[PDB]
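Q: This is the content of query-v5.cif (mmCIF, C-alpha atoms):
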```cif
data_upload
#
loop_
_atom_site.label_atom_id
_atom_site.label_comp_id
_atom_site.auth_asym_id
_atom_site.auth_seq_id
_atom_site.Cartn_x
_atom_site.Cartn_y
_atom_site.Cartn_z
CA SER A 722 56.99 78.08 126.36
CA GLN A 723 56.76 74.39 127.32
CA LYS A 724 56.03 74.87 131.04
CA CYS A 725 53.37 77.53 130.54
CA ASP A 726 53.72 79.18 133.96
CA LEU A 727 56.52 81.76 133.54
CA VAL A 728 57.25 84.89 131.50
CA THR A 729 60.33 86.42 129.87
CA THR A 730 60.60 90.07 130.88
CA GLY A 731 62.86 92.37 128.88
CA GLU A 732 63.91 91.99 125.26
CA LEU A 733 67.70 91.57 124.82
CA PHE A 734 71.09 92.81 125.98
CA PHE A 735 74.66 91.65 125.32
CA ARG A 736 73.77 89.50 122.33
CA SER A 737 76.29 86.87 121.22
CA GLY A 738 75.90 83.48 119.58
CA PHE A 739 77.25 80.09 120.56
CA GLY A 740 80.13 78.30 118.85
CA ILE A 741 82.33 75.24 118.53
CA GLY A 742 85.57 75.76 120.44
CA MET A 743 88.76 74.22 119.08
CA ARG A 744 92.44 74.69 119.84
CA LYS A 745 94.52 77.20 117.91
CA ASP A 746 96.82 74.59 116.35
CA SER A 747 94.24 72.35 114.67
CA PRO A 748 93.64 71.64 110.96
CA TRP A 749 89.85 71.27 111.26
CA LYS A 750 89.12 75.00 111.52
CA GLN A 751 89.08 76.10 107.87
CA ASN A 752 86.89 73.12 106.94
CA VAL A 753 84.45 73.27 109.88
CA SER A 754 83.35 76.91 109.93
CA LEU A 755 82.83 77.00 106.16
CA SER A 756 80.66 73.89 106.43
CA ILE A 757 78.45 75.60 109.01
CA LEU A 758 77.85 78.46 106.59
CA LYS A 759 77.04 75.98 103.83
CA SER A 760 74.58 74.40 106.28
CA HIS A 761 73.06 77.75 107.29
CA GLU A 762 71.49 78.78 103.97
CA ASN A 763 69.74 75.68 102.58
CA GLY A 764 67.18 75.69 105.39
CA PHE A 765 68.84 72.83 107.27
CA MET A 766 69.45 74.70 110.54
CA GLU A 767 66.02 76.35 110.45
CA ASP A 768 64.35 72.97 109.86
CA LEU A 769 66.28 71.39 112.73
CA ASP A 770 65.38 74.27 115.06
CA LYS A 771 61.72 73.93 114.07
CA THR A 772 61.91 70.21 114.80
CA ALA B 236 118.32 123.16 112.03
CA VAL B 237 120.85 120.56 110.88
CA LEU B 238 122.03 119.98 114.45
CA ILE B 239 118.46 119.75 115.77
CA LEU B 240 117.42 117.27 113.08
CA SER B 241 120.53 115.13 113.61
CA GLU B 242 119.98 115.06 117.37
CA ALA B 243 116.25 114.31 117.07
CA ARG B 244 116.84 111.49 114.57
CA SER B 245 118.17 109.28 117.36
CA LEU B 246 115.15 110.03 119.54
CA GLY B 247 112.74 108.79 116.86
CA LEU B 248 110.79 111.91 115.83
CA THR B 249 111.59 111.48 112.11
CA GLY B 250 110.11 108.07 111.34
CA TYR B 251 107.77 107.15 108.49
CA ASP B 252 104.85 109.19 109.89
CA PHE B 253 106.28 112.65 110.57
CA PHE B 254 106.25 115.70 108.29
CA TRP B 255 108.77 118.42 109.14
CA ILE B 256 107.91 121.87 107.78
CA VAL B 257 110.41 124.72 107.63
CA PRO B 258 110.44 128.27 106.14
CA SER B 259 112.68 129.43 103.29
CA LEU B 260 115.47 130.54 105.65
CA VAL B 261 116.74 126.96 106.04
CA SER B 262 116.15 125.91 102.42
CA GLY B 263 119.42 127.68 101.62
CA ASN B 264 120.69 127.99 98.06
CA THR B 265 118.79 124.85 96.92
CA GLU B 266 122.05 123.35 95.66
CA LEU B 267 124.04 122.12 98.69
CA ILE B 268 122.38 119.65 101.06
CA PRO B 269 124.07 118.10 104.12
CA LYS B 270 123.63 114.46 105.11
CA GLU B 271 121.08 115.30 107.79
CA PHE B 272 117.91 116.41 105.95
CA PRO B 273 115.33 113.60 105.77
CA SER B 274 113.23 113.17 102.65
CA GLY B 275 109.76 114.68 102.77
CA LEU B 276 110.77 118.13 103.99
CA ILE B 277 108.06 120.49 102.66
CA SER B 278 109.50 124.01 102.76
CA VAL B 279 108.05 127.05 101.00
CA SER B 280 110.71 128.92 99.02
CA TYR B 281 110.91 131.64 96.41
CA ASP B 282 110.73 130.58 92.77
CA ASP B 283 113.98 130.04 90.88
CA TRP B 284 112.91 127.71 88.03
CA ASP B 285 109.63 128.91 86.51
CA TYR B 286 110.64 132.40 85.33
CA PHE C 186 111.50 85.09 135.94
CA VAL C 187 110.14 88.63 135.58
CA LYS C 188 108.57 87.76 132.23
CA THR C 189 106.99 84.56 133.56
CA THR C 190 105.66 86.25 136.72
CA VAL C 191 104.28 89.30 134.91
CA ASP C 192 102.13 87.19 132.55
CA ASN C 193 100.48 85.29 135.42
CA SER C 194 99.61 88.14 137.78
CA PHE C 195 96.01 89.27 138.25
CA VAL C 196 96.78 93.01 138.33
CA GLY C 197 97.68 93.58 134.69
CA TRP C 198 101.09 95.25 134.53
CA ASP C 199 102.42 96.97 131.39
CA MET C 200 105.66 95.49 130.03
CA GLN C 201 107.61 98.17 128.18
CA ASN C 202 110.83 97.61 126.24
CA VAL C 203 113.56 95.46 127.81
CA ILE C 204 117.04 96.81 127.11
CA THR C 205 120.47 95.18 127.32
CA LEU C 206 123.77 97.09 127.26
CA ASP C 207 126.45 94.75 125.92
CA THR C 208 129.17 97.43 125.95
CA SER C 209 128.91 99.96 128.76
CA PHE C 210 129.42 103.61 127.77
CA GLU C 211 130.07 102.74 124.13
CA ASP C 212 127.97 105.81 123.12
CA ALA C 213 127.03 103.98 119.91
CA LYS C 214 124.37 101.63 121.27
CA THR C 215 123.90 102.73 124.90
CA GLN C 216 122.75 106.25 124.04
CA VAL C 217 120.32 105.35 121.25
CA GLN C 218 118.76 102.44 123.17
CA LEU C 219 118.59 104.33 126.48
CA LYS C 220 117.15 107.55 125.02
CA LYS C 221 113.72 105.92 124.47
CA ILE C 222 112.32 105.37 127.98
CA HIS C 223 108.63 106.25 128.39
CA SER C 224 108.37 104.88 131.93
CA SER C 225 109.01 105.89 135.53
CA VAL C 226 109.90 102.71 137.48
CA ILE C 227 113.22 101.79 135.81
CA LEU C 228 114.53 98.55 137.35
CA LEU C 229 118.22 98.37 136.43
CA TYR C 230 120.42 95.37 137.25
CA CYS C 231 124.21 95.83 137.29
CA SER C 232 126.93 94.73 139.67
CA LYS C 233 128.49 97.95 140.93
CA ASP C 234 130.62 99.44 138.16
CA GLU C 235 127.99 99.23 135.43
CA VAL D 489 80.90 87.07 86.34
CA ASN D 490 83.26 85.56 83.75
CA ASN D 491 85.59 84.36 86.53
CA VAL D 492 86.16 87.90 87.84
CA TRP D 493 84.79 90.11 90.61
CA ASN D 494 83.96 93.81 90.81
CA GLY D 495 83.48 96.19 93.72
CA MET D 496 84.77 95.85 97.29
CA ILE D 497 85.50 92.13 96.95
CA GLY D 498 87.13 92.63 93.55
CA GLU D 499 89.44 95.35 94.86
CA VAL D 500 90.21 93.35 98.02
CA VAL D 501 91.20 90.19 96.13
CA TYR D 502 93.63 91.91 93.73
CA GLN D 503 95.89 93.36 96.46
CA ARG D 504 94.64 96.94 96.25
CA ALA D 505 93.32 97.74 99.75
CA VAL D 506 93.50 95.36 102.71
CA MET D 507 90.08 96.10 104.22
CA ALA D 508 86.43 96.21 103.22
CA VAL D 509 84.00 97.91 105.60
CA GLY D 510 80.37 98.72 104.92
CA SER D 511 77.16 96.78 104.24
CA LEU D 512 78.85 93.51 103.33
CA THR D 513 77.40 90.07 104.09
CA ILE D 514 78.71 86.62 104.96
CA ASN D 515 78.21 83.90 102.35
CA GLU D 516 79.58 80.49 101.42
CA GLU D 517 81.21 81.38 98.10
CA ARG D 518 82.40 84.72 99.50
CA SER D 519 84.22 83.27 102.52
CA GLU D 520 86.30 80.97 100.29
CA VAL D 521 88.27 83.90 98.81
CA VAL D 522 88.48 86.25 101.80
CA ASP D 523 88.27 86.01 105.60
CA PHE D 524 85.64 87.89 107.60
CA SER D 525 85.81 88.60 111.34
CA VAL D 526 83.22 88.24 114.11
CA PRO D 527 79.84 89.40 112.75
CA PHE D 528 78.40 92.14 114.95
CA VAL D 529 74.85 92.64 113.61
CA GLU D 530 72.14 90.10 112.75
CA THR D 531 71.22 90.25 109.06
CA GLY D 532 69.28 87.75 106.97
CA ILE D 533 66.28 88.00 104.65
CA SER D 534 62.67 89.05 105.16
CA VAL D 535 59.50 90.09 103.34
CA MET D 536 57.97 93.57 103.51
CA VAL D 537 54.49 94.39 102.19
CA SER D 538 52.22 97.43 102.17
CA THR E 486 85.30 80.37 133.44
CA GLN E 487 88.67 81.55 134.78
CA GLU E 488 89.53 81.44 138.49
CA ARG E 489 92.64 81.86 140.62
CA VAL E 490 94.54 79.07 142.34
CA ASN E 491 94.43 78.79 146.12
CA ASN E 492 96.99 80.87 148.05
CA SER E 493 98.77 81.93 144.86
CA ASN E 494 98.78 84.67 142.23
CA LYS E 495 98.60 82.30 139.25
CA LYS E 496 95.60 81.78 136.97
CA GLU E 497 93.87 78.47 136.26
CA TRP E 498 91.05 77.20 134.05
CA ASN E 499 88.43 74.87 135.52
CA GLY E 500 85.70 72.78 133.94
CA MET E 501 85.18 72.65 130.19
CA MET E 502 87.94 75.05 129.12
CA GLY E 503 90.48 73.57 131.53
CA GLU E 504 89.63 70.08 130.30
CA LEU E 505 90.06 71.16 126.68
CA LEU E 506 93.36 72.98 127.23
CA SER E 507 95.05 70.00 128.93
CA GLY E 508 95.06 67.74 125.86
CA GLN E 509 91.91 65.88 126.89
CA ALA E 510 89.60 66.83 124.00
CA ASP E 511 89.45 68.66 120.68
CA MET E 512 85.85 69.89 120.25
CA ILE E 513 83.50 71.64 122.65
CA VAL E 514 80.22 71.05 120.83
CA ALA E 515 77.77 72.34 123.45
CA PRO E 516 76.12 75.69 124.28
CA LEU E 517 79.17 77.93 124.73
CA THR E 518 78.97 81.72 124.71
CA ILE E 519 81.51 83.77 122.76
CA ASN E 520 83.49 86.03 125.09
CA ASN E 521 86.62 88.16 124.85
CA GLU E 522 88.21 86.54 127.90
CA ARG E 523 87.75 83.06 126.43
CA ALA E 524 88.73 83.92 122.85
CA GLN E 525 92.24 84.91 123.96
CA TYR E 526 93.68 81.38 123.64
CA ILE E 527 91.03 79.36 121.80
CA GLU E 528 90.11 79.56 118.11
CA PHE E 529 86.33 79.80 117.81
CA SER E 530 84.08 79.15 114.80
CA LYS E 531 81.24 81.01 113.15
CA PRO E 532 78.16 81.06 115.41
CA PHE E 533 75.29 78.65 114.80
CA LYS E 534 72.76 80.61 116.89
CA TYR E 535 71.94 84.11 118.10
CA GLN E 536 70.75 84.99 121.60
#
```
As structure tokens, what does this structure read like?
A:
Amino acid sequence: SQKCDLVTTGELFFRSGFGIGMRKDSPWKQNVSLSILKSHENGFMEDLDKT
Amino acid sequence: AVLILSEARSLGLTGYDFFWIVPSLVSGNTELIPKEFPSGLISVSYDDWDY
Amino acid sequence: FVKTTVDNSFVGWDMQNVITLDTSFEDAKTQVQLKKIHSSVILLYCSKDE
Amino acid sequence: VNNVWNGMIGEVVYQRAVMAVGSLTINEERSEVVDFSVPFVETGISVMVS
Amino acid sequence: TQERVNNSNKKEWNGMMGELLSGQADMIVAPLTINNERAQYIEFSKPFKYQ
């Protein structure tokens, strides 16, 4: 889109999102993932992506 | 039938997810039961309680 | 050693049950434990008499 | 409603059936009482007009 | 990703995942695809993108 000289053939295959990897024995898990959801519905992530 | 069930108990065919079915010939007199018949032993037999 | 070298291999073996026979020919724990073998490459380890 | 749930989530919370499959959805208040697993379709919200 | 060590049958992790596993970090905030091979011994979080 920025360098307007190429195209994106095809549509999609093997779709899977990104993530924040952490070790199994860590106390931040139950408080991190929830936060992301709470930040995924009040337009914050969409606004940041638009920006 | 008693010998077969006792032998097959050790092999593991009478766990929590197996349903033995047997005709009325092995049901006997419906009064004496040896210490080899597992619970859940559906077996069609002639009526002796209704009428 | 077998456990630690079967979890690092790149072939993907299939660990079935590991059995120990504390009393040989006791016919109270050898028979019941030995009767359940769904494998074909049994790999016993005894001295000579066992 | 009135500090109680009803349907799917309500039956899951009160130890009646440990599963809930169907057209559920991930939320913020929902995930605080249960635990989902690896979303496999992309839902959301959209507008449809004639 | 996961590679094999030289002249041996063992398995080793190189790069980001190997750095994380050896007590050198705690978060992997970066574009990181969710995969079955990775998720074996790392606790992921809810995705913040779809692609």
Q: Show me a table, sorted first by chain and then by increasing residue number, of the residues of chain A having an atom at most 10 Å from chain E, each with its shortest atom pair and the distance in Å to one decimal, counting only C-alpha atoms and written as a tab-separated table.
A:
```
residue	atom	partner	partner_atom	distance
A:733	CA	E:536	CA	7.9
A:734	CA	E:536	CA	9.0
A:735	CA	E:536	CA	8.6
A:736	CA	E:536	CA	5.5
A:737	CA	E:536	CA	5.9
A:738	CA	E:535	CA	4.3
A:739	CA	E:518	CA	4.8
A:740	CA	E:532	CA	4.8
A:741	CA	E:514	CA	5.2
A:742	CA	E:529	CA	4.9
A:743	CA	E:512	CA	5.3
A:744	CA	E:527	CA	5.3
A:745	CA	E:528	CA	5.0
A:746	CA	E:528	CA	8.5
A:747	CA	E:511	CA	8.5
A:749	CA	E:511	CA	9.8
A:750	CA	E:530	CA	7.3
A:751	CA	E:530	CA	9.1
A:753	CA	E:530	CA	7.7
A:754	CA	E:530	CA	5.4
A:755	CA	E:531	CA	8.2
A:756	CA	E:531	CA	9.8
A:757	CA	E:533	CA	7.3
A:758	CA	E:531	CA	7.8
A:760	CA	E:533	CA	9.5
A:761	CA	E:533	CA	7.9
A:766	CA	E:533	CA	8.2
A:770	CA	E:534	CA	9.9
```
Q: Have a look at CA of residue 219 in chain C and CA of residue 204 in chain C and let me know their distance in Å, one decimal.
A: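 Value for the CA of residue 219 in chain C-CA of residue 204 in chain C distance: 7.7 Å.
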Q: The PyMOL selection byres ((chain E and resi 498) around 8) on the file shown: which residues, as a short mmCIF file (atom, residue, chain, number, x, y, z; two decimals) with C-alpha atoms, in the frame of the given file?
A:
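New file out-v1.cif:
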```
data_model
loop_
_atom_site.label_atom_id
_atom_site.label_comp_id
_atom_site.auth_asym_id
_atom_site.auth_seq_id
_atom_site.Cartn_x
_atom_site.Cartn_y
_atom_site.Cartn_z
CA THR E 486 85.30 80.37 133.44
CA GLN E 487 88.67 81.55 134.78
CA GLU E 488 89.53 81.44 138.49
CA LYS E 496 95.60 81.78 136.97
CA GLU E 497 93.87 78.47 136.26
CA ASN E 499 88.43 74.87 135.52
CA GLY E 500 85.70 72.78 133.94
CA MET E 502 87.94 75.05 129.12
CA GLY E 503 90.48 73.57 131.53
#
```
Q: So the first atom is CA of residue 505 in chain D and the second is CA of residue 521 in chain D; what is the distance between them in Å, to one decimal place?
A: 14.8 Å
Q: Would you list the contacts of residue 508 in chain D as a list in words, taking every protein, DNA or RNA residue within 12 Å and counting only C-alpha atoms, but skipping same-chain residues closer than 2 positions in sequence?
A: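 Near residue 508 in chain D, the qualifying residues are residues 495, 496, 497, 498, 499, 500, 501, 503, 504, 505, 506, 510, 511, 512, 513, 522, 523, 524 and 525 of chain D.
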Q: Take the residues from that selection and write them out as a CSV table (one decimal), keeping the file's coordinate frame, keeping C-alpha atoms.
A:
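Once written, selection26.csv looks like this:
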```
chain,number,residue,atom,x,y,z
D,495,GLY,CA,83.5,96.2,93.7
D,496,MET,CA,84.8,95.8,97.3
D,497,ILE,CA,85.5,92.1,97.0
D,498,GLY,CA,87.1,92.6,93.6
D,499,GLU,CA,89.4,95.4,94.9
D,500,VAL,CA,90.2,93.4,98.0
D,501,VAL,CA,91.2,90.2,96.1
D,503,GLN,CA,95.9,93.4,96.5
D,504,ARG,CA,94.6,96.9,96.2
D,505,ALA,CA,93.3,97.7,99.8
D,506,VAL,CA,93.5,95.4,102.7
D,510,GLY,CA,80.4,98.7,104.9
D,511,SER,CA,77.2,96.8,104.2
D,512,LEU,CA,78.8,93.5,103.3
D,513,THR,CA,77.4,90.1,104.1
D,522,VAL,CA,88.5,86.2,101.8
D,523,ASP,CA,88.3,86.0,105.6
D,524,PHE,CA,85.6,87.9,107.6
D,525,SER,CA,85.8,88.6,111.3
```
Q: Using all atoms listed in the file, pick whichever of B:274, B:259, B:265, B:280 has the shortest atom-to-atom distance to residue 240 in chain B.
A: B:274
Q: Let me have the centre and edge lengths of the axis-aligned box enclosing all listed atoms of range 191-194 of chain C with 4 Å padding on every side, in Å to one decimal, as AutoDock Vina command-line options.
A:
```
--center_x 101.9 --center_y 87.3 --center_z 135.2 --size_x 12.7 --size_y 12.0 --size_z 13.2
```
Q: List, as a list in words, every residue that the PyMOL selection byres ((chain B) within 10 of (chain C)) selects in the file provided.
A: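 Output from the PyMOL selection byres ((chain B) within 10 of (chain C)), applied to this file: residues 244, 245, 246 and 247 of chain B.
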Q: Could you please determine the separation between CA of residue 209 in chain C and CA of residue 235 in chain C in Å, to one decimal place?
A: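 The value is 6.8 Å.
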Q: List as CSV every residue of chain D that is in contact with chain A, defined as an atom at most 8 Å from one of its atoms (using all atoms listed in the file), together with the nearest atom pair and the distance in Å rounded to one decimal, sorted by chain and then rising number.
A:
```
residue,atom,partner,partner_atom,distance
D:515,CA,A:758,CA,6.9
D:516,CA,A:759,CA,5.7
D:519,CA,A:755,CA,7.4
D:520,CA,A:755,CA,7.9
```
Q: Hey, what's within 10 Å of range 276-279 of chain B if we count only C-alpha atoms and toss same-chain stuff fewer than 5 positions away? As a ChimeraX atom specification, please?
A: /B:253-262
Q: Limited to C-alpha atoms, could you put the picked residues into a file as a short mmCIF file (atom, residue, chain, number, x, y, z; two decimals), keeping the file's coordinate frame?
A:
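As a result, again_31.cif now contains:
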```cif
data_model
loop_
_atom_site.label_atom_id
_atom_site.label_comp_id
_atom_site.auth_asym_id
_atom_site.auth_seq_id
_atom_site.Cartn_x
_atom_site.Cartn_y
_atom_site.Cartn_z
CA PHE B 253 106.28 112.65 110.57
CA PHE B 254 106.25 115.70 108.29
CA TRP B 255 108.77 118.42 109.14
CA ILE B 256 107.91 121.87 107.78
CA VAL B 257 110.41 124.72 107.63
CA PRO B 258 110.44 128.27 106.14
CA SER B 259 112.68 129.43 103.29
CA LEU B 260 115.47 130.54 105.65
CA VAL B 261 116.74 126.96 106.04
CA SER B 262 116.15 125.91 102.42
#
```
Q: If the cut-off is 9 Å, can you tell me the residues of chain D near chain E, counting all atoms listed in the file? I'd like them as a PyMOL selection string.
A: chain D and resi 526-527+530
Q: Can those selected residues be exported to a file as a JSON list (two decimals), in the coordinates of the input so that it contains C-alpha atoms?
A:
```
[["chain", "number", "residue", "atom", "x", "y", "z"],
["D", 526, "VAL", "CA", 83.22, 88.24, 114.11],
["D", 527, "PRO", "CA", 79.84, 89.40, 112.75],
["D", 530, "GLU", "CA", 72.14, 90.10, 112.75]]
```
Q: Quick one: everything within 12 Å of residue 229 in chain C, counting only C-alpha atoms, minus sequence neighbours fewer than 2 positions away in the same chain. Send it as a VMD selection string.
A: chain C and resid 203 to 206 219 225 to 227 231 to 233 235
Q: Taking into account only C-alpha atoms, which residue in the set E:501, E:489, E:507, E:521 is nearest to chain C?
A: E:489
Q: Which of these residues is nearest to residue 494 in chain E, using all atoms listed in the file: C:187, C:199, C:192, C:214?
A: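 With all atoms listed in the file as the atom set, the closest residue is C:192.
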Q: Could you tell me, as a ChimeraX atom specification, exactly which residues end up selected when the PyMOL selection byres ((chain C) within 7 of (chain E)) is applied to this structure?
A: /C:193-195
